[PDB]
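K.L.:
so I've got this experimental structure, pasted below with the sequence.
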Amino acid sequence: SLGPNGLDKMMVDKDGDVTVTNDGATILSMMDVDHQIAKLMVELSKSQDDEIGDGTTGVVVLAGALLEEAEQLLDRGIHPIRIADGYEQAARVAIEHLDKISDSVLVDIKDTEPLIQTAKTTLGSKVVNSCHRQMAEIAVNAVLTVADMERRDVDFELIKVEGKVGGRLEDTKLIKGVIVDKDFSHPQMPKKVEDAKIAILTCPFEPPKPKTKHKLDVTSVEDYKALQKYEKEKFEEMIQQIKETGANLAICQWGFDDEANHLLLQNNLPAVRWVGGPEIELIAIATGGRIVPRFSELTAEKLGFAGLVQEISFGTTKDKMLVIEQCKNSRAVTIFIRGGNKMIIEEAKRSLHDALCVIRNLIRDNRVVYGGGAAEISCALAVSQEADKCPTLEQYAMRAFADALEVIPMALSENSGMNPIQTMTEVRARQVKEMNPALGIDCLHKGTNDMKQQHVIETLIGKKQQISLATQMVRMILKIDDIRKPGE
Amino acid sequence: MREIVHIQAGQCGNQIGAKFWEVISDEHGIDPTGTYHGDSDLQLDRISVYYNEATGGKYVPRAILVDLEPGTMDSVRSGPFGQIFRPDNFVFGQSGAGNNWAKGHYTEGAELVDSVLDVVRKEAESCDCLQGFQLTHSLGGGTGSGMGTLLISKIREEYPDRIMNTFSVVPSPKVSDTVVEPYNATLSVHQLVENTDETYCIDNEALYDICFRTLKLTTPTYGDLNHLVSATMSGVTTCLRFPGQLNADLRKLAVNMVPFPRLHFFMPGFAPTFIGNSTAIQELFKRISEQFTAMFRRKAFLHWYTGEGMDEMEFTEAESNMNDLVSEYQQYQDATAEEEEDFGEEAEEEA
Amino acid sequence: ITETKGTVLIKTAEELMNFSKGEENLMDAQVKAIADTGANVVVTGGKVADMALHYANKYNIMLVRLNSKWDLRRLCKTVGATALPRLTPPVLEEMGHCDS
Amino acid sequence: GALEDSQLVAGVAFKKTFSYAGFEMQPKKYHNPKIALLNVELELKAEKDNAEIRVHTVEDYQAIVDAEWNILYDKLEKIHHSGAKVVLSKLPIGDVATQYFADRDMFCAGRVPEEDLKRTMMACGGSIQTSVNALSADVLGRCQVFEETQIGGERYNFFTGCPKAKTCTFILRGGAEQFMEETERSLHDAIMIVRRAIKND
Amino acid sequence: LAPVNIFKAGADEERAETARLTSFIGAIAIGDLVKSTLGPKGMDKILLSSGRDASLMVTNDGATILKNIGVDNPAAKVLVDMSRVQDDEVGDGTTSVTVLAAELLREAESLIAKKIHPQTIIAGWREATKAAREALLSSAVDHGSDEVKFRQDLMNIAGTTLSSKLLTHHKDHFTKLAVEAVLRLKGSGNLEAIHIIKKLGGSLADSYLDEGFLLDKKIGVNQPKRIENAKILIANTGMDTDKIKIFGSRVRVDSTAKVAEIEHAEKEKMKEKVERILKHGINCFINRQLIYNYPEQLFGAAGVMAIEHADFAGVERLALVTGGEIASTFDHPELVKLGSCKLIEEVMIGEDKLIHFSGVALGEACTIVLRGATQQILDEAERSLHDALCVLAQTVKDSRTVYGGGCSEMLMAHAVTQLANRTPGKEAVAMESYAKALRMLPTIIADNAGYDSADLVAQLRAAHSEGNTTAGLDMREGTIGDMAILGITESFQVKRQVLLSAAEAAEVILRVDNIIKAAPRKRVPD
Amino acid sequence: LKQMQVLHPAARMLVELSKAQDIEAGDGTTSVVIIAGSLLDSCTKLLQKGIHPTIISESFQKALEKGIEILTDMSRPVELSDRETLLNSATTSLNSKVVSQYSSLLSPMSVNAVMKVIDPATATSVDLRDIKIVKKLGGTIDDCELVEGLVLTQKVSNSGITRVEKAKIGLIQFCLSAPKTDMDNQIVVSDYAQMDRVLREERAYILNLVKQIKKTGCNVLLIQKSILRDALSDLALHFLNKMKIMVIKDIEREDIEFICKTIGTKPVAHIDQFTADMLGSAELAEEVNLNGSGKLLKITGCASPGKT
Ligand SMILES: Nc1ncnc2c1ncn2[C@@H]1O[C@H](COP(=O)(O)OP(=O)(O)O)[C@@H](O)[C@H]1O
Ligand SMILES: Nc1ncnc2c1ncn2[C@@H]1O[C@H](COP(=O)(O)OP(=O)(O)O)[C@@H](O)[C@H]1O
Ligand SMILES: [Mg+2]
Ligand SMILES: [Mg+2]
Ligand SMILES: [Mg+2]
C-alpha cells in the first residue's frame, strides 16, 4: 500500500459495516490483533498520525525492515544492546545529514505554487487523484484563510468538513461562510435574503422562567385575567425588541412557540430554530456578530452581516440545507464534499485531512526535501560512508541500518512493476557519479529520474520524525527477553 | 447520629438480612473481619448510623437475629460475612412454631420475647439518639408473622414515638406454599395496619418472573431472589447511608409520600429504584379475603388455633377490618365503582 | 442547621439577593470570634465546609480532621482539652496546649 | 514525538478542559496577566436546594426572574473590576459567563483539576478564593507569559516566566503508552536519589 | 501462512487471489439477480419476508429489490449503496447502473487473467469515460423555448419511463396523469405537494386525477355539510384546553365557590378566543390539532364548518391549493389572507367518505386516486408513478434530452472504440473492454424479448459506424428503426448519472487487494 | 379465505381478490375466486404449447372486453318503485345461507331498511353506516325485528323509573360533579368553620345544576363517557331521582353522531346552553327485559326522525 501505484484494503467492521481505505493509521486501527508487537506497531502508526498526519505507512515498513535486518546479526553472536546502540548512532548520522540537503520554499499568500505542488504530491496516492489539482487548491486556500501567522498556529475547529451523498465528486467546493443542516421555521417564509443582518440569540422564544423552585398562586378572577394579559404582552414585547434593533434574520439555539412563529412571519423577519452551539459560535465568528443571552441586551452593534443567506434543496428527497455566504473577511471556512458512494465520501474526507495536515506542517517549518526514494538513498550513502570509519564492532549495526533504510525504493519499484535491485543500483550509481541527491524512482514512467523537475516534494519534519520514531520503537522492541501470558 | 437498629425474624428474614448486610458492607469498605480498607472518606460521613465502633477499630452491625429454630443461625455463622455480627445477638429457641400463628403469638413467643427485649435495650444503650427500627419477616409463616407481630406490639409499647418500617413478603396469587397461609396473612395484616408507619410488600412470584425472562438465564432456588431483594433494600436505604444532592431519611420520604396514615403500603421496582403507592394493593387483599372466607365458612383447621387460646371472634374482627381496609382503598378510585354486581332479578317497578 | 426539616422561603427579590451574603457574613463572624481567643489549631471530628476552610486560611488557623470517635478522646486526654459539641468561641479552661 | 523533545517548564502547564460556545472568540496570549484562582461555580442556577419561592403577582414574578441575572452579573463585575485577565475554577463555568468574558477580552477555564490548581497557586503565588466579595491585589497571581499551544494533537495551557516558583513541570514525548510509562518510572528513581543525596551527601 | 498468530479467534483475512475472486463473484451475482427486469419485456419478482411477519410484495424496481435482500458479501454492499443513492438522486436508472457495474467487473476479471496490472485498467477506463461523456454531451437536444414541442417531449418521456412497469397495460391513460399533475406545480419541485391516495376495489383504469382537493378527515357534529363560495381560515393553534399557560402556576383558595368562579373564567377565555376567530368573516375553519367539544358547539351555533386533526402535510397542501396562510394569535384580521374555493362537499369512494374541494383558486397541489384489485397492484402502481413524476420533475428543471432504445450506449461505445484505435500499449485493450460493456445493455434488452440479439446488435453497430446517429431497437416488431420518429426519449441527467456512477463504483472495487474481517458480534441466544 | 392461513405467496393474493369484491359488490366473493382459478388452470396448456405469457395476457384482455359487452346486452332496466323486483333479488341473494328458511321474514326487512335511508329521487349510493346491526343472544332466528328508533345496551343508573311517555331527551357532554379547574387546584383549610362551609357550598353547587336541568322540562338525560373526572356523583344522582328524571350514563364518544341524527338532539357542552330548544321529543322511552338474556333500552316514536 505504498506509493502512487499502491492498492487499498477493505475492512468489514464488527457489526458488518464496510470501509475501503488506504491510510496506514486507519488500516492498523480497524484490525483486531492479539500479539503485543502488533499492538505496538499500531500505536507507533497512531502516534505518527497524531503529530504529522502523513507518512503513517512508511514508518511501519521501516521498523519491520529494521527488525528483519537485526536477525542475522543476532544469529552471529551480538548483544542486542550493541545493535540498539549502533542503530541510534546511525540514526543520528542520518538526521544530521538530512537537513544538509534541504531547501526552503517560502510561505506567502501571493504565490501559493510550492504549496499546491506539495499538496499534489500528498494527494497523488489516493483515490481522489482523478481531481487532485482542485482538491489540492481547495486545501491550500482553506489553510491560508484560517491560519494564524504571528503565532504560527492553525486551528482545525475553525475548518468544518462535511459531505453529502449524491452528485459528482467534482462538485466538491469551498465555502467562505457556513452551511448548516437546518431550514426556516415557517413553510411560508422567503427562501433567500440578500442583505442579511443576523441577530444571534441563546434564549428560547418563551416567557421567562426562574430556575429555583417557584409557585405562582392564583387566588381570584382578576389574577387570572392579569396573568392572561401578561403572557401575550411578553410575546409582543420580545418581538418588538427584536424588530427595533434593525435586524433582518434571527437565529436561535432553542425552540419557538406557535405564537412566536406566526409573529415572526407576520413582521417579515425569517428565523432558524434548534441550531447547535458549535454552529452558533462558527456563525458568530464568520459574520462578525456577538452572542447575546437576552432580548434586553440586543443592540445595533451586536448584529452580524452576511451578503447572502439561502436555503438549498437537493434532489427528490425532502431534505434542505442553509448556506451563509459573501461575508466579509472570515476566519471560518467549510468544505462541501459530494460523491456517489458513502465510501467515496469517507475516503475523500481522509485525503483532505491529510492535505490540510501537510500544509500545516509547511506552515510550522518551511524547508523541504525530494521524494521518490532520493532522500533515503542519500541517507544510506552517508551512513555507509560514515560506517566505513568505525572499527569497533559497531560497523555491522551501521551497515544493517543502511541496508534496511533502502527498502522504500525497493517497495516503490516492486509496486510500480519494475525490477527492484537493478533500478536501485542504477540510481545509486548515478547519485554517486553525479552530485545531486534529487534522483529517485520513476514510478509514473515519465522518462526522467530527477524529482526536482517532476515536482515531488515532502516536508523535512515528516522524514525526521519517521526515522527517529522508528528507531526508538525498534530499540524498545529489542530490549525484551521474557514474556508471561495466561493460556486459553 | 440518628442510629437505626435492624431486626431479622424467621428463616426468610434471616436469609434476606444476611445479603442486605453483605451488600452494605462492601459499599463502606468493611471486611468480613470487621476492619476498614476504604478509600474515599465520603463513606465515613454517615457510617455511624448503621455500624457501632468498638475499641481497636472494628465495626459491628446494629443487628439482632431472631428465630425459634437453631437451624438458620448455624448457616448464618457458617456462611459468608457471618462473623462480623456480635455473638451475643443470636436468640433462638428449641422447638419451632411449625407454621402456626397461635403458637408463635401465644405459647412459644411469650417465653422468648423477653430475651429480644433485653438485647434491644443493650443495643439502644450504645446509640446517642436512635430514630427507629427496621424489621424483616414473612406473612406466611409462624415465627415470621405471629412472633414478628407480637414483637412489633411489644416494641411499640416500650418505644412510644419512634418510627418503624417493615419489609414483609406476601403470599403469591396462583400458588400457596402453606395450606393455612390465608389465616396467617389475615391475622397479621390486622396488627400491621395500626403499629407501623410504612410497609414494603414484596411478592415472590412477581420478582421470581424476572430471572427467567429478563436475566435470560436461570433455573434458580431462593438464592438470587434474595440477592435482588437485598439490592432493592440497599437502593432504598442509600439516602440514609450516604449524603447526596438531597439527603433524606425515611421519615422525610414518608411525609412527602404518605398523606393518609392508614394507607401506607407500597410496591417497589428496580431498573439497573422506584417506590410507589400504587393502589394495585387493593387487588392483593381482595384475593386473600376471598380465600379466608372460603375456609372460615367450613371451620377448616380451626381447632389447631382454638386449642392454643384464641377465640372464634378474633377471626371475625380480623376479616371485618380487612374488609374496611379494602373499602377504604376502593373509595380513592371512583372508577372500580362501575363494576357493581349485575342485577339479576326482574323487580324494576314504580320505585 | 435545624434537626427538623427546614426550607428557606422567600417572597421578594431583595431577600433572594441578600441570603447568600447573610450566610457568608455570619460564617466570617463565627470564624473570627473563634480566632480572637488565640487558638492556632482547630481539630474537628466531622466535615469541613469550603467557606469555613477559606476563612480559616484567611486567619492563619491550622485545621485537622479525624473521624474515629476514639482518637479524638485520646487526643483530648493528651493535650488536656475538652471536646465541644457547639461551634462557639471556647473558654480558657477548654484550651489544649501543645509544644509543637 | 521523539525522546529528545521532552521539556521542563519552570512554571505550570495543564490540559485543555471542556468548553462551551464562545471559547474560540477570546484571546489566547497575554504578556503581564493577573490570575484569579477561584472555587466558585459561575453559572445561572438555583441559589440553594432548600429554596422555595411563593409569589402572588406577575410584577413580583418579573422581579424574581431579574434577580438571578442580577446576582450572576454582580459576581462577574466583581471579578472583572479586579483587573484579572485569566480566571480558573475547580467548579463549572457556564456559557453565559464564557460569552461575558469573551466580550471583554478575557480567558476562562472550568473544572480544572485540584492538583493543577494547587500547583498554579504555588507557581504564581495567589490563593484560592471561595468568595468574590474581596478580590484584593494580594490574592491574585502574576506570570510573565500565558499561552495556549498545540502539542501533538492536544491543546495545553502554559504559564511561564515566574522566578519565584517552587514548582516545575515535565512534558514527556514518546511513541506508545508503555514507552512514556517506562520513561516516567525511570525518572522517578533519579528524583528519589537526588532527594536523598541532598540531605546526607 | 506464518506460524505466529496475529489475529484474534474468529478474525479472517483474504489476500489478492481470493479477495479478487470473492469480489468478482459477489458483483456478478448481484448483476445477474436483477438482469431479468430490464426493458419493455422484463418480468417482476416476488419478495416475502421470513422475519417481518410474512410481508409480501411484487416489484420490478431495482432499488426495491436490492434494499430488501440480506447480502453479506462486502463487494455487494457497495453496489446496493450505489443503487440506493442513484434512486435518491434522480429516481430512475436503478437497474442499468448495477448491470453496467457488473459487466465492467466481469470484463476486468478476464483482463486480470491476461496479466495486466489493475492501475493500467483504471487509466484506460478513465480515458474511456471521459470520451464517452463528451460524446453523450454533444448529442443532447435542448427544447423548452417552444411550448408544444416541450409538452410532446414530456409525453414521450413519461411513455418511455412507464413502458417497463405494470402501468404499461394502460400506458396512454396514466401518461395523461403523469404530465398534467406535474404541470400543476408551476415550476416548483415539491413532490410532497402531490398526494397519492390508494384504496382497494375497482379496476386499475378507474384511477384519475382530481380537479380540486380531497381530505380523508371528518367534520364535527351539528355543522353544515356543504358550503358554496367558501372562505377558509387555516390555523395551527391549540383548541383542546387551550390554556396551557406555560408558567408553573397553581390555584390556592379557601372556598369552593372561588374554584367555580375560576372554572367559569376558564370557559370565558375559550369563548373570547372563538369570537376573535369568527371576527375574520369565515365560514370554514381548518386546524391541525384537536378541537374540543365546547368550541365545537360554539362553531356549530355560528354555522361554520370545522376540520380538526389535519397534520402538517395537510395544512401545507391546503395552503398551496387555496392560497391562505397558516395563521395564529388572531389579533390582526387585516394582515391575514383567507383561502377561497367554489364548493366544499362530501364524496363517497369505495366504502369511505372524503371532503372534496372544487373550484379552487390556485391549484398548485393535487391529489391522485389509485384503484386496483389487490394491495400489491396498488403498491406497485404507486412505486411506478413515483418514478414517472421524479423523472418529469428532473426534465422540467433541466430540459435537454437524448434518445433511448440503445442509441446512447451505441454512441458512447463508438466514441470509445475510435479513441482506443488511436492509442498504443495495453491501455487500448482496456478501453475496448469498456466498449464491450456499453454494448451489453442493448443486448440484454433484446434477450428479454426472444429476439436474435447478436444480429440486431451487429446491425445497430454497423448503422452507428456509418453516421446513423438515431438508430435503435424497435421492440414492437424487433427491428432497427429511427428513435426520433418513434419517440423514444430519455433525459440527459439520468444517463449521465448512470454512466458516472457505474464507472466510479467499478474503479472503487477494482483497487482492493486484501480483505480483513473482524470477529462478528454474537447474537445473544440465551 | 380470511380465517384460514394460506402460506403460498400466490394463494395469498386470491384472498385479497375476494376482499376487493366484498368492497365493490358484497356478493359473488366465491365466484370470482373460482373464475380466477379456472383461468389460471387453462393457462397451463397454452404455456405448454409454446405461447408466450404476453400474448395470453393480451388475448385475455380482448376476451374480457367482448364479454362485458355481451353481459351488458343481456341486462334489463329496473326502477326503484317496483318492490317485487327488489324482493326477488334479495331472496335470491339470501337462499344460499342457513337463514333461507327464514327468508319470508328477512327478505322484506332488508328492503325496508334500504328504502328508509336513501332518497329514491336522487339516490346515487347508499351509506350502510346508517343501518346498525345489534346481536343479542336468546330466542330463535324468528325473532329478528326492525326498529324505527334508537336501541341501547347499557342500563339506566336511576333506581325505579323504567317508563317515560312523551319523553323530552337531552344529551350532555359536561360533568355533574364537584368543581375542578383544568389547572392544578387545591383548597386550604386553617379554621374549623371552613370545613362545614366546603360541604355546604358543594351541596349548593350540585343542586344549582340539577335545578337548571329540571327547569327546561327534561325527562330523559344522556351523559357521555368521561375517563378523567367523574361524570355523575351519588349526590347528583340522588337529586335527579328526587325530581323524577331517568338517567343513562356511559354513552360512547363515537356513536354521538348516530344518536343525534336519529332522535334530533343537539349536544350540549355548557350548562348555559341547556335550553328547551336543544331537546328532542319521543313518544316512548323505556327499558325492556328479555326473558333471560338481559335488558335493553328502546326509544320509539320520534317527532323529528332522521334517516336511520
Ligand atoms: N510521483 C511520485 N513519484 C515517485 N514517488 C512518489 C510519487 N508520489 C509519492 N511518492 C512516494 O510515495 C510515498 C508515500 O506513500 P503514501 O502511499 O502516500 O503513504 P505515506 O505518505 O503515508 O507514506 C513517499 O515516500 C513518496 O516518495
Ligand atoms: N419502448 C421502448 N423501446 C425500446 N427500448 C425501451 C423502450 N422503453 C424503455 N426502453 C429501454 O429500457 C430501459 C429502461 O430500463 P427499466 O427496465 O425501465 O429500468 P431502469 O430504467 O431503472 O433501468 C432504458 O434503457 C430504455 O432505453
Ligand atoms: Mg501520504
Ligand atoms: Mg426504468
Ligand atoms: Mg352469494
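P.N.:
Perfect, thanks for sending it. Numbering: from 1, shown residues only, chains lettered A, B, ... in the order given. Ligands and ions are numbered 1, 2, ... in the order given.
K.L.:
is residue A:9 in a helix, a strand, or coil?
P.N.:
strand (DSSP: H, G, I helix; E, B strand; the rest coil).
K.L.:
what's the burial count for it?
P.N.:
22 (other C-beta atoms under 10 Å in any protein chain shown). For every residue, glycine as well, the C-beta is placed using N, CA and C.
K.L.:
tell me the centre residue of the chain?
P.N.:
By default, I'm working from chain A. Using C-alpha atoms, centre = their mean, the residue of chain A that lies closest to the mean C-alpha position is residue A:353, 2.5 Å off.
K.L.:
um, chain D though
P.N.:
residue D:88 (2.9 Å).
K.L.:
quickly check: whichever strand or helix holds it near chain C or not.
P.N.:
If you go by DSSP states H and E, residue D:88 is part of strand D:86-89. No. Using C-beta under 8 Å from any C-beta of the partner chain, strand D:86-89 stays clear of chain C, coming no nearer than 12.4 Å.
K.L.:
what lines up beside that strand in the sheet?
P.N.:
Next to strand D:86-89 in the sheet, as set by DSSP bridges, lie strand D:34-38 (parallel), strand D:107-109 (parallel).
K.L.:
which bits of chain C sit near chain E?
P.N.:
Checking chain C against chain E by C-beta under 8 Å from any C-beta, there are no hits.
K.L.:
in the longest helix seen in chain C, what's buried?
P.N.:
Among the elements of chain C assigned as helix by DSSP state H, the one spanning the most residues is helix C:13-35. Neighbour counts using 16 or more other C-beta atoms under 10 Å in any protein chain shown place C:13, C:16, C:17, C:24, C:27, C:28, C:31, C:34, C:35 of helix C:13-35 among the buried residues.
K.L.:
for stretch E:300-316, same thing?
P.N.:
E:300, E:302, E:304, E:305, E:306, E:307, E:308, E:310, E:314, E:315, E:316.
K.L.:
surely residue B:108 and residue B:97 touch.
P.N.:
Yes. Judged on C-beta atoms under 8 Å, residue B:108 makes contact with residue B:97 at a distance of 5.9 Å.
K.L.:
now check the host helix or strand of the residue nearest to the centre of chain A, is it near chain E?
P.N.:
Assessed by DSSP H and E, residue A:353 sits inside helix A:342-364. Yes. Against chain E, helix A:342-364 shows contacts by C-beta under 8 Å from any C-beta at A:342, A:343, A:344.
K.L.:
next, the contact list for the last one, please.
P.N.:
To tie it back to what came earlier, the one meant is residue A:344. Contacts for residue A:344 (C-beta atoms under 8 Å, 6 or more residues apart in numbering or on different chains) come out as A:127, A:169, E:504, E:508.
K.L.:
how much space separates the second one from residue E:504?
P.N.:
What that stands for is residue A:169. Taken as C-beta to C-beta, to the nearest Å, the spacing of residue A:169 relative to residue E:504 amounts to 7 Å.
K.L.:
spit out the residues that contact these two alike.
P.N.:
A:339, A:340, A:344.
K.L.:
want to throw the strands paired with strand D:86-89 into JSON lines with mean neighbour count?
P.N.:
JSON lines is the format used below for those (neighbours: other C-beta atoms under 10 Å in any protein chain shown):
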{"stretch": "strand D:34-38", "mean neighbour count": "23"}
{"stretch": "strand D:107-109", "mean neighbour count": "23"}
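K.L.:
can you list these in CSV and add distance to residue F:194?
P.N.:
Converted to CSV, those look like this (distance: least, C-beta to C-beta, whole Å):
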stretch, distance to residue F:194
strand D:34-38, 53
strand D:107-109, 56
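K.L.:
dump the ones you listed into a markdown table; add distance to ligand 1 as well.
P.N.:
Shown next, in a markdown table, are the strands paired with strand D:86-89 (distance: least, C-beta to the nearest ligand atom, whole Å):
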| stretch | distance to ligand 1 |
| --- | --- |
| strand D:34-38 | 43 |
| strand D:107-109 | 36 |
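K.L.:
just curious, which of the buried residues of stretch E:300-316 is nearest to residue F:17?
P.N.:
Comparing the buried residues of stretch E:300-316 against residue F:17 with C-beta to C-beta picks out residue E:314 as the nearest, at 32.3 Å.
K.L.:
quick one: that closest one and residue E:287 touch, right?
P.N.:
No. Using C-beta under 8 Å, residue E:314 makes no contact with residue E:287, being 10.3 Å away.
K.L.:
could I get the contacting residues of the residue lying closest to residue D:7 once chain neighbours are set aside?
P.N.:
Excluding the flanking residues, the one nearest residue D:7 by C-beta to C-beta, 6 or more residues apart in numbering or on different chains is residue D:171, at 4.9 Å. Residue D:171 is in contact with D:6, D:7, D:8, D:9, D:13, D:151, D:156, counting by C-beta under 8 Å, 6+ apart.
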